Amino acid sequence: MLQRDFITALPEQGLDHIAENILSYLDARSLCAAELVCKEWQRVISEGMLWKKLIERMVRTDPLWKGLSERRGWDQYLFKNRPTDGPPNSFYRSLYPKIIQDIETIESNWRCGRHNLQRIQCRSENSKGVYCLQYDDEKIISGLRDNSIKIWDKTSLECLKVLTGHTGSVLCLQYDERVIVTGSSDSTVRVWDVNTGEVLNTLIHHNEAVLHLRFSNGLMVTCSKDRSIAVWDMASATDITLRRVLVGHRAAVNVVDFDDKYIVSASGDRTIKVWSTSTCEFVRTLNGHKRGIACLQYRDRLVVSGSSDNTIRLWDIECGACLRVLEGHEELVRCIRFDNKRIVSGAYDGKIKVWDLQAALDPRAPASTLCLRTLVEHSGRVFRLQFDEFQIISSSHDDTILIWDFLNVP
């Protein structure tokens, strides 16, 4: 006997759960097929709660599914072991295609550039403009040319705090659960309590404007107009020691990123430089930009950079090869981020571009196909943006923060 109906045979053995485990591996399309094989298969899928289980597996893997679970509030039907109110299998079976529909209309919104736009006037004092920002579900924190940090309610767009202390423009910031960290034209880095807004530390070191910083896992890196990168052990907000100074660039170091392996610096001197995170020794230079580099992000093997030459470049950090040049911005590329699906760039002409990342990395793909959308709502240079599966938030010389919503569209 060369054939056995596993999904029937196991229940007949009293071993329903095993049959369920088998089906639990299937993707939606295959699971649908399995339902149609015969009544006993349908019965096992239905009573084994396989669609609830699948949706949970999508949420546990895909942050998009995670996101939607929260924003749509069908997360409240997931996990929680026992039924309780007991939404039946039929419900979760009905929901899966509605999530897929949801998802496709989101992608369509990005592609066709349908969005809800909300505009925060940061009502800056004399000096106008918003050089940096970071957000979460609850708030947007921003750094301004008037030397202030402003915190915005994410929902109401009200201003909740205004931190003052820097004697120059706030050029870069990053925050976590515990602190905000900022670099200013005044050459200081300041650590603030993310809640009380109390100054916890001030790093005196850079001789000139501090242009970028990043911290993670008890390590902080700063970089300055003084052409230096500083690497800090960051035990706590108050226990922050200078580990090494990397001097390397012939001009201002405008941006710095890193992970476990590599620190990545980019400069007005037209170079990206790679350094060992562990040894702080130089590794390799990534040259090719025809002009200064204003912005960069590093993740995995991929460095993406935006230049005064009006191009974006994609690099492999291991051989330092440029994989793709992206042309279309008519001015300097002043900020840039990416995830797995796309690149979002901002330029000095106040325009924001959205690029197919996977297409950019396919060397067969024409330039023709690479820019999905051009978003024109700023009336000044774009200094900073952050985005996720659902939105862009951008800040600008025009003294505005823009929320572009591709989920809650009208």
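One-based numbering along the sequence shown.
Relative to one another, 228-236 and 291-299 have unequal mean CA B-factors, and 228-236 is the one with the higher figure.
For the pair 46-54 and 344-352, the record assigns the higher mean C-alpha temperature factor to 46-54. The residue among 217, 305, 134, 184 whose C-alpha atom has the highest B-factor in the PDB entry is 217. Highest C-alpha temperature factor among 334, 178, 212, 337 per the entry: 178. Sort the modelled residues of the chain by CA B factor and residue 315 lands in the lowest third. In this PDB entry, residue 358 carries a Cα temperature factor that places it within the lowest third of its chain's modelled residues. Among the modelled residues of its chain, residue 20 has a C-alpha B-factor that falls in the middle third, as given in the PDB entry.
In this PDB entry, residue 267 carries a Cα temperature factor that places it within the lowest third of its chain's modelled residues. Split the chain's modelled residues into thirds by C-alpha temperature factor. Residue 364 is in the middle one.
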